[PDB]
Participant: 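My questions will all concern the structure given below.
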Amino acid sequence: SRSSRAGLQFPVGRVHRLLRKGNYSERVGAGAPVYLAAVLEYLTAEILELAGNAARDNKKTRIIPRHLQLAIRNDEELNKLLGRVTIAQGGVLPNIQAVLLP
Amino acid sequence: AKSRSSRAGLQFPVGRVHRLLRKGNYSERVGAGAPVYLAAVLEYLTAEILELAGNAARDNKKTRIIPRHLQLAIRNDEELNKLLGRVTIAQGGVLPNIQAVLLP
Amino acid sequence: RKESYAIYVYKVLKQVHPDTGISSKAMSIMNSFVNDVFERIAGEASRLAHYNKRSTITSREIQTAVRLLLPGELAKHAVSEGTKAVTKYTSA
Amino acid sequence: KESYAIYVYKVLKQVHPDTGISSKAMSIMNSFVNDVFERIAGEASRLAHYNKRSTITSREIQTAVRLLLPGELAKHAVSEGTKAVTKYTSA
Amino acid sequence: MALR
Amino acid sequence: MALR
Amino acid sequence: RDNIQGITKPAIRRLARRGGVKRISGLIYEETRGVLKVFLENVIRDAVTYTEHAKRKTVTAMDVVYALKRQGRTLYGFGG
Amino acid sequence: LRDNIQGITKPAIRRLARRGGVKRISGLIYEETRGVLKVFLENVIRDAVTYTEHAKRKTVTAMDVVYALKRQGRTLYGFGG
Amino acid sequence: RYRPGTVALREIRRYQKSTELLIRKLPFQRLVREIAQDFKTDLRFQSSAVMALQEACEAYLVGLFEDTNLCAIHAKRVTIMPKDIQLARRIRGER
Amino acid sequence: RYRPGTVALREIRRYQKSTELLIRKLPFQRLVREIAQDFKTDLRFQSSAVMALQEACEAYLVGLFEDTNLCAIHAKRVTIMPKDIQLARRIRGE
DNA sequence: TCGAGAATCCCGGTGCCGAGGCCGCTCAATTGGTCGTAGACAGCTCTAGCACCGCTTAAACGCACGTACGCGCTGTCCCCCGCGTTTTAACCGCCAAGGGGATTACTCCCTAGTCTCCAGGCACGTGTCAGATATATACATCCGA
DNA sequence: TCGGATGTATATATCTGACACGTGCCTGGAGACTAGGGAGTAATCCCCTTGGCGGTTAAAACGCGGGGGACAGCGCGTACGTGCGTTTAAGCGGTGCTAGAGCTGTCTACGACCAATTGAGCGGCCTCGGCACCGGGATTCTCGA
């Protein structure tokens, strides 16, 4: 399989077919699915590492939307990446203005 | 008639728009009324903009349209300013507004 | 051979404001505006066709994208003009 | 219907062997993968069109990744993509 | 054509 | 798997 | 049908509290109603347009997601 | 190339603020304006240079700058595109 | 009795930690239907569609309130006001 | 001797009626080249590219100053301070 | 600084609703070959981006003044806030009906492709024209007297 | 309450660089014909939406007393506008040059396309485990002296 050959977890064949059927271009090179799949897997691993850390700090084992939102907003670079993105049932970051604090 | 634009009674190039739709990887196939509709929309938008640009030019006692006129025409109209709300016209300037508190 | 909307924009200007001119930089801005509107409409139409599992882009998709993209009165008049053009072309 | 849920779970077991994931979280992550895939494909498509080229290749993908990603994220995704491509061709 |  |  | 009154004052207070707000003015509720009404019309117009193009009568979560994406307000968790 | 931010002079910032309709200016506005302009310029230039590098060129083009501007949501008319 | 400024802080801390929906579902559903009436008649809705609408609306309102609070703090106040809301929205580029 | 603010309003009128560029061309170009030195050495620039950069930067700064003026007015003031610029940037999301 | 009064976190019981793992099928990914053409590469051209110079001169700069305006403070008062009571309708099952989404199959007409001619549109060529300064003059318009 | 000095709009000249029109001709748009398949239409089923009912009880509405913060006024000091004389480098017009952008030739390496497999991946199903909630105690806050 092309995913095992590439050394990844994401479906290189499915990604290739999506690239060819998404009407992005007339032709798709053979290395582009590998590149895109590697990037997708890396970004997923980043999010899940941070979210698992938040879940563990929360004394829970199951990652939930609150943990995902906590990880994303705590990470500044990922906050920039997912700027105009709402995460359902995610909430907000706890913060209060110091002037409002007594 | 001969040209596809003449049959539709338009000014914008129906055949050129059909070619661009086909070559743009927007879709695998393109219907035969789609370029007609798109060219009509483009012509209407160009007329809408150019009428107001000429109005501003005539207000400024001018006979030639300039980027300043295009900017005035776009920014003065409530809907064109909404369509082009994230566009920067080169050499356009800004609408002459002054806040009331600043005035004496 | 670089194609542009120069002659068509000038023809529209003649038909709308007969005794007026247009500078070349204003002409460049007009050309950019046309290219931008075409790209936005065609991109929304393609996205719509992908959503609906279609393969061809029709005047239905073009009209729906025009509705989605233009503010109210512009949308009304643009739809009227598109419908008129397609109707006359089909009648011919 | 198809989804990235199984591969996302595989990555999750790679990074946190003892951690579950709820269906809402999996749906959110599936949406995230779809959105980022669409963004990178769109940027590479625009690039290939700008260059009068009819092929999306690893160079187009790498440039799109560099355009979309901030700092360390781009610098690390580029390395992951390069390693994947190198290994894939070598095998 | 027909303007606003 | 090179993470940050 | 005066259904916008259903967005009651304590709910707007809860939203403000989640936004980190400590004191509220009396007119804030009536202004918030207008803001929210405008936002809802902006999204629902596009959702209904998508539904009409599909030749349907049930507005779908996919239609709502597309309507939100068109306005740079991408929503995650509903098949985005 | 060094210390070139000071080419953005205080009267130039005053003129930009006047076109923005500002009647009075604090003395510490000019350094802040220089910082903001630097950040915006760095973003735009990085994107344009990425485009030129991908095109195998040693020349930054108005088209590349325009593509960078459009990518940041700052579409610019008048220079083609 | 609890002095003013304490219960508000307690409520802030409580609501910035929970993640549930802060608007009543039946009133929101009725409002959505009434608004949609003007675009079409005899319209049905999916439950997930109404839920997505609520999620987007509540997130938008929370962000708007955060920016309104920044405007209030800038103006040397503690109480958010309609001028604060309007300033935040107009700087955001919606009015 | 004019009262303060009169020349300020006259300048607002002048520069809001005009449309030319308000930054100096050679200093702006040297700044652009210096900034691009950090991404790829020995890079050439088209004149059209530098003009486009300058038009973008001037328009962006003008809009930002408009928002800053609004913030200052909101604070019951007529002088713009760096807090106004910072708040405008935060609200815009930059 | 030193008392009490509540709010809420932590520990333990627990139950239960849906996630993790386990199969049957199946379509989609893989493997092999063949083939047309896209694009890497090589070379000659010619534009244009860079560099040096000399002169104006217009903008940038520094400085002295003084006047408006941030800014702190004090007092008033009215308007949110917190709290206890009565009132409203949301929420929760649960049932009943059926509208319409989602799927399969049969037609058939609309679009891609291909071979031709054939003019619309670009680059080139070329002659006239609206106006930015330049010079001079009249009309507001606040500032000192 | 009148007079003045600075900026701004008005009259007219000019020499211009810019543009609005005519043209070779070549490349792209239009005709003529077909081949297939995308989509329309019809029909069915059963998901999932909509409408009604009965209860309970948490949230909403409402009044009340007060204290806290919004706001108006006032006085001060400082920092920013204004104007003038001096210093600097931007701008303009040339002049020279070679890097690199762009275009032609070529021809091969890579991706599309097709037939035939065979397995990874998508639904149904179970079974049981960690977190929502509750009973009870203790820490962290606030409110009052």
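Naming convention: chains lettered A, B, ... in sequence-line order (proteins, then strands); numbering from 1 in each chain.
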Participant: Does any heavy atom of chain C fall under 4.5 Å from the side chain of B:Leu83, the backbone, both, or neither of them?
Facilitator: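 For B:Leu83, heavy atoms of backbone and side chain both lie under 4.5 Å from chain C.
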Participant: Counting a contact as any heavy-atom pair under 4.5 Å apart, which residues of residues 96-104 of chain B contact chain C?
Facilitator: none
Participant: Could you look at C:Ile41 and say if it's the side chain, the backbone, both or neither that has a heavy atom under 4.5 Å from chain B?
Facilitator: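 Only the side chain of C:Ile41 comes within 4.5 Å of chain B.
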Participant: Are the side chains of C:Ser23 and B:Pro67 in touch, meaning some heavy atoms are under 4.5 Å apart?
Facilitator: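 Sidechains of B:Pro67 and C:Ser23: in contact.
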Participant: Let me confirm one number: the CD1-CG distance from C:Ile62 to B:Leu38, rounded to the nearest 0.5 Å.
Facilitator: 5.0 Å
Participant: Does any backbone or side-chain atom of B:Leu70 lie under 4.5 Å from a heavy atom of chain C? Answer side chain, backbone, both or neither.
Facilitator: side chain
Participant: Return the minimal non-hydrogen interatomic distance between C:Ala85 and B:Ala8, and the atom names on each side.
Facilitator: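 For C:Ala85 versus B:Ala8, the nearest heavy atoms are O-CB, 4.1 Å.
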Participant: Treating C:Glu81 as the side-chain partner and B:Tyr44 as the backbone partner, does any N or O pair qualify as donor plus acceptor under 3.5 Å?
Facilitator: no
Participant: So which part of C:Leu69 gets closer than 4.5 Å to some heavy atom of chain B, the side chain, the backbone, both or neither?
Facilitator: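 Answer is backbone: N, CA, C or O of C:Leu69 sit under 4.5 Å from chain B.
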Participant: Checking C:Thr20 side chain against B:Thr63 main chain: does a donor-acceptor pair fall under 3.5 Å?
Facilitator: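 The answer is yes, because a donor-acceptor pair under 3.5 Å joins these two groups.
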Participant: If you tally heavy-atom pairs under 4.5 Å against chain B, which of C:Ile22, C:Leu70, C:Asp19 wins?
Facilitator: C:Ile22
Participant: Picking from C:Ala49, C:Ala26, C:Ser32, C:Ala65, which has the most non-hydrogen pairs under 4.5 angstrom with chain B?
Facilitator: C:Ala26
Participant: Heavy-atom pairs under 4.5 Å with chain C: which of B:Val87, B:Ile49, B:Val17 has the most?
Facilitator: B:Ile49
Participant: Below 4.5 Å, heavy-atom pairs only: which of C:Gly21, C:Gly43, C:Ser24 has the largest tally toward chain B?
Facilitator: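 Highest number of heavy-atom pairs under 4.5 Å: C:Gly21.
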Participant: Looking only at heavy atoms and a cut-off of under 4.5 Å, which of C:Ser46, C:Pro71, C:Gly72 has the most pairs with chain B?
Facilitator: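 The residue among C:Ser46, C:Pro71, C:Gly72 with the greatest pair count is C:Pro71.
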Participant: Take C:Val34 and B:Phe12, measure what side-chain contact (heavy atoms from CB on, under 4.5 Å) needs, and give me the verdict at the end.
Facilitator: CA-CA 10 Å; C:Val34 169; B:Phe12 270 55; 3.9 Å; yes
Participant: Go through C:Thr87, C:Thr83, C:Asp36 and name the one with the most non-hydrogen pairs under 4.5 angstrom from chain B.
Facilitator: C:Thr83
Participant: Measure the NZ-OG1 distance between C:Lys11 and B:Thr46 for me, rounded to the nearest 0.5 Å.
Facilitator: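 Output value for this atom pair is 12.5 Å.
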Participant: Shortest non-hydrogen contact from C:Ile57 to B:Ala34?
Facilitator: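 Here C:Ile57 and B:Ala34 meet closest at O-CB, 3.6 Å.
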Participant: B:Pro13, B:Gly24, B:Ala1, B:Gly92: which one forms the most heavy-atom pairs within less than 4.5 Å of chain C?
Facilitator: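 Sorted descending by pairs with chain C, the first entry is B:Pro13.
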Participant: Examine whether an atom of C:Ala78 lies under 4.5 Å from a heavy atom of chain B, and if so say whether it belongs to the side chain, the backbone or both; otherwise answer neither.
Facilitator: both
Participant: For each of B:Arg64, B:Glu28, B:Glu79, tally heavy-atom pairs with chain C at distances under 4.5 Å, and name the one with the top tally.
Facilitator: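 Option with the greatest count: B:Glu79.
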Participant: Is B:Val14 in contact with chain C via its backbone, its side chain, both, or neither, using a 4.5 Å heavy-atom distance?
Facilitator: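 It is neither, since no heavy atom gets under 4.5 Å.
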Participant: Between B:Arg4 and C:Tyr89, is any pair of side-chain heavy atoms under 4.5 Å apart?
Facilitator: yes
Participant: Side chain, backbone, both or neither: which part of C:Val66 has a heavy atom under 4.5 Å from chain B?
Facilitator: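 Contact with chain B: side chain only.
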Participant: Can you tell me which portion of B:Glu48 sits under 4.5 Å from chain C's heavy atoms? Options are side chain, backbone, both or neither.
Facilitator: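 Looking at B:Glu48, just its side chain touches chain C.
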Participant: Rounded to the nearest 0.5 Å, what's the gap from CD on C:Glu44 to OH on B:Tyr26? Could you check?
Facilitator: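 Output value for this atom pair is 12.5 Å.
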Participant: What part of B:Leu20 gets closer than 4.5 Å to chain C, counting heavy atoms only: side chain, backbone, both or neither?
Facilitator: both
Participant: Between B:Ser6 and chain C, which part of the residue has a heavy atom less than 4.5 Å away: side chain, backbone, both or neither?
Facilitator: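 Contact with chain C is through the backbone of B:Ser6 alone.
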Participant: Would you sort out whether C:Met30 and B:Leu50 count as a side-chain contact (heavy atoms from CB on, under 4.5 Å), showing the intermediate values?
Facilitator: CA-CA 9 Å; C:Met30 272 330 258; B:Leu50 287 185; 3.8 Å; yes
Participant: What distance do C:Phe38 atom CZ and B:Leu45 atom CG have between them, rounded to the nearest 0.5 Å?
Facilitator: 13.5 Å
Participant: So how far is it from B:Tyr37 OH to C:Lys84 NZ, rounded to the nearest 0.5 Å?
Facilitator: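 Result: 12.0 Å between the selected atoms.
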Participant: Name the option with the most non-hydrogen atom pairs under 4.5 Å to chain C; the candidates are B:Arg7, B:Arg29, B:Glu78.
Facilitator: B:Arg29
Participant: What are the two closest heavy atoms between C:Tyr5 and B:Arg16, and how far apart are they?
Facilitator: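 What the structure gives for the nearest pair is N-NH1, 4.4 Å.
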Participant: Taking every heavy-atom pair that is under 4.5 Å apart, which of B:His69, B:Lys62, B:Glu51 has the most such pairs with chain C?
Facilitator: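 Most pairs with chain C among the choices: B:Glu51.
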Participant: Let me know if B:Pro35 has heavy atoms under 4.5 Å from chain C in its side chain, its backbone, both or neither.
Facilitator: neither
Participant: Any non-hydrogen side-chain atom of C:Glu3 less than 4.5 Å from a side-chain atom of B:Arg19?
Facilitator: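 The answer is yes, as the side chains (C-beta and beyond) meet within the 4.5 Å cut-off.
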Participant: Atom NE2 of C:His17 and atom CG of B:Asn55: how far apart are they, to the nearest 0.5 Å?
Facilitator: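 Interatomic distance, C:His17 NE2 to B:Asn55 CG, rounded to 0.5 Å: 4.5 Å.
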Participant: For B:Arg68, is it the side chain, the backbone, both or neither that has a heavy atom under 4.5 Å from a heavy atom of chain C?
Facilitator: neither
Participant: Which one wins on heavy-atom pair count under 4.5 Å against chain C: B:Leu80, B:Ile89, B:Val41?
Facilitator: B:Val41
Participant: Under 4.5 Å from any heavy atom of chain B, what part of C:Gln15 do you find: side chain, backbone, both or neither?
Facilitator: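 For C:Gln15, side-chain heavy atoms alone lie under 4.5 Å from chain B.
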Participant: Is C:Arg40 in contact with chain B via its backbone, its side chain, both, or neither, using a 4.5 Å heavy-atom distance?
Facilitator: side chain
Participant: Only pairs of heavy atoms separated by less than 4.5 Å count here; which of C:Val12, C:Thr58, C:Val9 has the most with chain B?
Facilitator: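 Most heavy-atom pairs within the cutoff with chain B belong to C:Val12.
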Participant: Is it the backbone or the side chain of C:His77 that comes under 4.5 Å from a heavy atom of chain B, or both, or neither?
Facilitator: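 Both backbone and side chain.
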